[PDB]
Structures are given as structure tokens and as C-alpha cells.
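Student: coordinates only, sequence not included:
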DNA sequence: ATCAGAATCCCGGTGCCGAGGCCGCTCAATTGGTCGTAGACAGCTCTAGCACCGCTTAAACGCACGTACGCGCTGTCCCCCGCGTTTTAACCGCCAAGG
DNA sequence: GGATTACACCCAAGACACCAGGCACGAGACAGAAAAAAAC
DNA sequence: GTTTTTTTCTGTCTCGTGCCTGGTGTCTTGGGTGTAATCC
């Protein structure tokens, strides 16, 4: 497999197939799916790395989606990316306007 | 009628649109009725909005449509305004929004 | 009908929103805006299922209609 | 340099009046400058990136059109 | 005895920022969705997962719109919501003309 | 003389600028600011004028919309004087952080 | 590199036949037409890939016009499109 | 029985790489599959616009790079470009 | 401050259930081989982007000065919080039913 | 009633052959912005 | 201040042509649905 021959983890040829059946162009180059797969790979690495830290916070072993939404809403660039994104079982920031806290 | 435009009795070139679909990477194949159908929709949209353009330009005794006319005619419509909500026209401006708290009473 | 929305439901909506103090006409106004929201959503959802030539709206079509309103939601296979 | 301070208070006034704003506070102008600046930052970054792949050292109107369509602040008028 | 107001609400805000479970329970929400769905073509069947999707999207939608409305009222030198606040927030987002 | 305790000046110029068509920010300083921002990511870039005019158009439209929602925030604030946190609330609701 | 100018002239003479136009008005109009065409076409391509149909007929275009434009415009557009389908199909 | 798709095993392995002592729920795995779907779709749409604003129909990796740094915000994007470029070198340096 | 006491947190506990391992398939990735033109590239040409300046003038800046909305305060009055009391959809269940 | 499949049928893809329109450029005219009285 | 009502000088636009390029007529063939039967 080209992924192993690229030393990576995402299947190249599946992506090469999906680029064909997406009407994405007329012809498809050689290593463009490798580059795209690596992009996906680093993206999910960063996301789930912060998710792993989120599980480290709550001392949970299995990832709940609340961890995912929290780790999205903490980091800046990721939250600006997924601004129009919501997730089922998401929730929001535990956030209190202290002007509404009593005195 | 040799031309399909005369065979449709319309004003747009259909084979233009079919080549646009072909040189679009849109589908792999394109049937015969879809380009005619879409071109007819386009022609209706043109005539419909140009109606409001004609009345809005006639509001100011001017034979020529200006962009301000077009923005006025859009914002005075309801369906077209919710159509063009993320949309901005060059040389547009906005409506007269004088709040009632502002006039000298 | 629309009155199946209870007062403590919209109160819980304020609570997860984090809102403290509540007025009166809020309730009926809330039901109205929720109604128009669901109106547009389920209208184009049934439009999708109309093209599907099938008698059950798919969850897929719901997801794609949310994409069509720019309201992309993950989670349920989209 | 300092063309951020080339923004004039009477221009902000004129924009408020076509914007319909009556009364103008004094703590507004540099905040306005900062928001305008960040706006144009993201805009011209994306337009120049479109021109980076264009392999032409000059940015066109079409480029800026396509880039602002990418932001969804999409503007007609000049074709694109 | 009697507690002093405002407290229990914020305490349950701290409670309700925790579980992401669905607030509106199922059957009445389902009836409302079915009743609005009645008037487009007659008696369409439904996937229950799609119903959960509608429920999720609706609740998150309304929660976020509440957040903006609440911040509007906090700006408005007040604490309590008003319907005009919802009108202001919607007028900023652009649902209604 | 005819000093005029205020009211007709501002609203009259609003009437003039809404009778108006064209721009308000004049050309050269805006262009130089554009080139200063442009001199930051790739050096030495050339431009056609229509791009700059589109930039000026969309810039003034963006700020006009900011001013409109800011104006409605002020009207809800029972004031006519604007404030900066009005603009901050408006951009908070617009999701453009 | 063709614009749609005389098409606009003929629509205009079919509606308000004593009406001029500026250049940039035509430019904004063609901007508009291209935007609408692109939005519908891409939505139809979404119909294909969401429905695994290897081509597109007019029925897809009808449901896409439903998906974009709201009610009154949508119904009148469906009417005009089917009437054009009818008259082109008859001859 | 029609064969359906998932990306679960791949990102599952990646998760096992970056955190060996970590479990996950199934729904979240579906969420990540949808995540990959969404990011891929936005990229591909920018690729098609890259094509039509370049009047070309070949896709190389350069277009993918300029697409990613069009979509994603800067610092994250440059790190991802670095990862992809080093992977391009390691693959195409060999067969 | 300060105590009593609600409210919540947090620690074993067990249970149960789905995440994850696991295992035997088969179909798309692969491997290899064969045309082909799209594009990487060389190079031609004329436009337009740039820089500069002189002249014109309208547009900005500073200040003089009143002044009037913004605001802090006040009193007040009222109407949501909340806790209590009954409410009604709603759960599974079942014994008369007849029949 | 939707998913799968299979037999039908049937006209698009192309590939070539025939073609009047489509647009670039000009011209002269023709709707039109303003100059400036000039009322309310 | 608003706005109206005269010339004027005036910028664009519509008429006017020639060049051309995409648009059109039609067979083969094939796959792409059309539809129906059959699971589920």
C-alpha cells in the first residue's frame, strides 16, 4: 500500500477513488491524495490530542463527545474553524457572566 | 426551427448551458431536458426581478437603471431580500432608515 | 399543538444558555421563532424526500438540509 | 506606516450618517480602525494566497472577488 | 424557611452546563414536529434517529440564541430578558427582514 | 446669528448621504493603507484599480452594517450616544470575533 | 468572452420596453446570473452525489429550484419551467 | 449485504499512536468520520474552484497545499503543510 | 463573623454492556504494461502599473464655547421565584369482563 | 414500502458535416448631469 | 434647505457590419436508467 510506502496511516487509493467519483476534476495526479491524507492525519492528530488532554482533565478513559466539544471551544484557531459547527451531545462552555453573580 | 432556442421560444442559448454543464465537472452525463429547464428558470428570474427594476427606475423619471435602483428594488421585495441576504451590490447603499426618535417633534 | 412546549422547558433552555431572570411574553415569542425555524428546516427536508420518491424522510436528508441552511451538524452520519 | 491613522474622523462621521447613526462618542475611532484593519487583514491574506497559486505577481479584481466569495461576504459588480 | 432569590437558578445553571442530554423530552416534541410536517404532503413516516437529529439541532440553536439575547440584556443595563431583546438579536442575525 | 441649537444638521446630512450614491472614504490614503497591509505577507505586489475599488466598496458596506446594528443596540440602550461595547456586542453576535 | 447583454435587452423590451440601462447595471446583472447558475448547478451536483444518480434530468432541477428559492418564486418558476418543457417537447 | 464505509480503523490507529492508554465511544468515532468528511468536502470544493479559476483540470499536490492554507488558519495550517510536505518527500523520494 | 443546615461532592460497589479484540472472507488496491495530450516550459509583445510633479481647492484641524443627553442617584411599585399544593399525561399491568 | 436486481429501450456522446449568428468596433444621436434662477 | 425648471454640453448607447465559432443534423452504440419482481 502506498500509505505504508508513504509511511502514513490513511489509505491513499480510497481517497484517489473518491476524488474520481466526486467529479472533482477530469484527471487526477500522482501524489495529491498523499498530501491530502497527511493533512487529514495531522488535523485529526491535533484534534484528538487535545481530546486526550480533555479526558486527562476529567480522568475519563473513554472519550465522550463532551470532551470533543470542550476541546473545540477552548483552542482559538480550531474554534474559528468550526464556528458554524455543532455536535450532538455537545453542550457549551461552562460560562457565567459575573455581573449576574450576586453581591 | 433550426435552433433549440427557437424550438423553446426563449431567449437564452441552451447548448451554451449544456456545454457549461459538460465543462463544469458537474455530472458525468447531462440529459436533454435539464438545460432547457434551468434556462427557463433563469429567464423567469431575470424577467421577475427586472419588473421591480423597471418600477424602481420609473420612480425617479430616469430611463436608465442604476445600481441604487436595483438595491432599492431588492430591499423592497421580501423574497428577493431573503434571497440576497448575504449579498451586496456595488454602488448600492441601503434603505432610508430614519428612526422615529430622530425627527424634530 | 405548539402549546406542547412547557414553561420549564424554555427555562431549562435559559439555564443551559445560562440566563438568570425571565420575563413573561418570552414563552410565546420562543414558540413562534422555534416554529419558523422548524418550518424552513422540515420544508426543505420534505423537498429532499420528494426527490427521493420515498415515503420516509431520511436522517441523511435532514443533515443535508441543515447543510443547505449552513447549519452543519456532525454526529449522525453526515 | 501610519496610514492606519490616515483614517479621518470626518470620514467616520460620514459613514455614521449614511449608516444612520446620530450621536458619536469619542472612544470609537481607533476601535473602528482596529476592526477595519483586521477585516482587511483576512481579506488581503486570502487574495494574495489566491494570487500565490496564480504564479502572477499582480492581483486582479477577479481574485479579490473569489476570495470574498470564500468568506461569504460575497459582493457582485465586477464579475467573478 | 425561605431562600433568597436568584441563587437556585445560578446553581442549576452550574448543574445544567454539565449533562448534554436533551432538555425537551420526546413525545410532545415528536407530536409538534409531526403536526407541522402534516401540511406539506400527507402522513410521511419518520426515522427516529432523524427525530433525535432535529431535537439536538433545535435545542443547541435555541441555547446559542439565548446566549446572544442574554448578552444583549446585560448590555442593556438590566438582568431580565425582554422579547424586544430577542427581536434585537434576530435583527442582527437577519432571520426576519 | 442663526446658531441653531442642534437637530437639523445631523439628520439633514443623513438625508443627503442616503440620497447619495457614491463612496465616502477618499481614494489615496485607503490605497496606501491597503499597500501597507499588503507589504506584510508577500512583498512587492502590483494591483489593478478595480480590485481596490471593490475593496473600498465592501469595506464601506461592512462598516455600514456594523453601524446599523450598533445603532439599534443604542436605541435599545435608551440612548442615542454610541458606545464601543455596542460594537463589541454586535460583532459578538455576528460570530466575527 | 460572452456576457448576456442582448438577452437582457430582449427581456427588458419584453417587460418595460422603453427603458435604458447603464453599463455597470448590466455587469451586476450578469454577476447575479452567474451566481444563481452556479448555486443551482452545485446544488444539483449535490443531488446527484447524495442520490447516486449518474446524470441529471429536469426533475433534479425542479427540486433544486425548490431548495433555493422560497414559495411564490418557486411555484411560478416551476410553472414556467414545465411550460417551457411542454412547448419544447411538443416541437 | 451492501458494504458500507467508515474511517474508524484508521483514525483509531492514529489515536492508539498518540495515546496508547485511551478508550473512545462509538458515536464519537462516527463524529470524527463526519469531521473528515466535512474537511475533505471543503477542500475538494476549493480544489474545484482552483481548477475553474485556473482553467486547468489536473490536480497536483500544490493545489492541495494552497487549498489548505486558504481554508485553515495560519499556524495550524503551516504545521500541517510541513507534515504533508515531509510526507511528499518521504514517499516520492522512494517509489 | 458564625452556626445550622440544605446542597453538593466524592468514594466504594456492582452490574451490565458495548468497546474492543478477533477471525475468516473478496473485492478494490495493486502491479504491470500501453497511448497521449496538458502542461511545463521557452519565448514575443504591448499594457499598464508605477512613480513623479505642478496646479487647485476643497477638505481636515484646532479651538471657542455652550449645552444637553449620559449618568449617578433616588424612590417606588410590581410582579417573577420559589416553594408549596394539586394536575394530568403516562408506565406498565391486569382482572373483569363479556363473549 | 424501500433495497436489489434484471431485463428492457433508447436516446446521449461523439464524430463528422453545414452553418447563420455574436461580438468587436464605430457613429451619430440621444437620454442626461449639472448651472443656475428661483419658489416654499 | 428644498426642489423645481431652463440650456448645455456630453458621455454612453444603439444601430451597423464583418468576421467565426460555436451551434446544428444524425447515425451507433451503449450504458443508464425504466420498471418490475423479489427480498426484507
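Tutor: Received it, and whenever you're ready, just let me know what you need. Numbering: from 1, shown residues only, chains lettered A, B, ... in the order given.
Student: just checking, what packs against the helix or strand residue A:33 falls within?
Tutor: Residue A:33 belongs to helix A:32-58 when elements are defined using DSSP states H and E. Using 3 or more Cβ pairs under 8 Å, 6 or more residues apart in numbering or on different chains; DSSP states H and E as the contact criterion, the elements in contact with helix A:32-58 are helix A:12-20, strand A:62-63, helix A:65-74, helix A:76-81, helix H:8-18, helix H:26-52, helix H:61-71, helix H:74-93. C-beta coordinates here come from the backbone N, C-alpha and C atoms, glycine included.
Student: give me that answer again for 7 Å
Tutor: Counting contacts by 3 or more Cβ pairs under 7 Å, 6 or more residues apart in numbering or on different chains; DSSP states H and E, helix A:32-58 is packed against helix A:12-20, helix A:65-74, helix H:8-18, helix H:26-52, helix H:61-71, helix H:74-93.
Student: Can you give the contact residues for the fifth one?
Tutor: Contacts made with helix H:61-71 from outside it, assessed by Cβ atoms under 7 Å, 6 or more residues apart in numbering or on different chains, are listed as A:31-32, A:35-36, A:39, D:46, D:49, D:52-53, D:70, H:42-43, H:46-47, H:50, H:77, H:80-81, H:84, H:88.
Student: Say whether DNA strand I is contacted by that helix.
Tutor: No. Helix H:61-71 does not reach DNA strand I (Cβ under 7 Å from any atom of the strand); its nearest approach is 8.2 Å.
Student: related to what we said a few turns ago, may I see the PyMOL selection of the buried members of the contacts of helix H:61-71?
Tutor: Per 16 or more other Cβ atoms under 10 Å in any protein chain shown, the buried members of the contacts of helix H:61-71 correspond to this PyMOL selection:
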select buried, (chain A and resi 31+32+35+36+39) or (chain D and resi 46+49+52+53+70) or (chain H and resi 43+46+47+50+77+80+81+84+88)
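Student: The contacts of helix H:61-71 also near DNA strand J: which ones?
Tutor: Near DNA strand J, by the rule Cβ under 7 Å from any atom of the strand, you find none of the contacts of helix H:61-71.
Student: Return the longest helix in chain E, judged by number of residues.
Tutor: Longest among the helix segments of chain E by residue count, using DSSP state H, is helix E:48-75.
Student: the inter-axis angle of the following helix or strand past it versus helix F:49-76?
Tutor: Downstream of helix E:48-75, the first helix or strand assigned by DSSP H and E is helix E:83-93. Angle between the axes of helix E:83-93 and helix F:49-76 is 180 degrees (criterion: axes from the mean of the first three to the mean of the last three Cα atoms, to 10 degrees).
Student: Check which residues of helix E:83-93 are buried.
Tutor: Going by neighbour count (16+ other Cβ under 10 Å), the buried part of helix E:83-93 is E:83-92.
Student: Which one of the residues you listed is nearest to chain C?
Tutor: The shortest approach to chain C among the buried residues of helix E:83-93 belongs to residue E:83, at 4.6 Å (Cβ to the nearest Cβ).
Student: For the longest helix of chain E, which helices and strands make contact with it?
Tutor: Helices and strands touching helix E:48-75, by 3+ Cβ pairs under 7 Å, 6+ apart, are helix C:7-17, helix C:26-52, helix C:59-68, helix E:26-37, helix E:83-93, helix F:84-93.
Student: Against residue H:26, how distant is whichever residue of chain C sits closest to chain A?
Tutor: Closest approach of chain C to chain A (Cβ to the nearest Cβ) occurs at residue C:75, with a separation of 3.7 Å. With the distance defined as Cβ to Cβ, to the nearest Å, residue C:75 ends up 11 Å from residue H:26.
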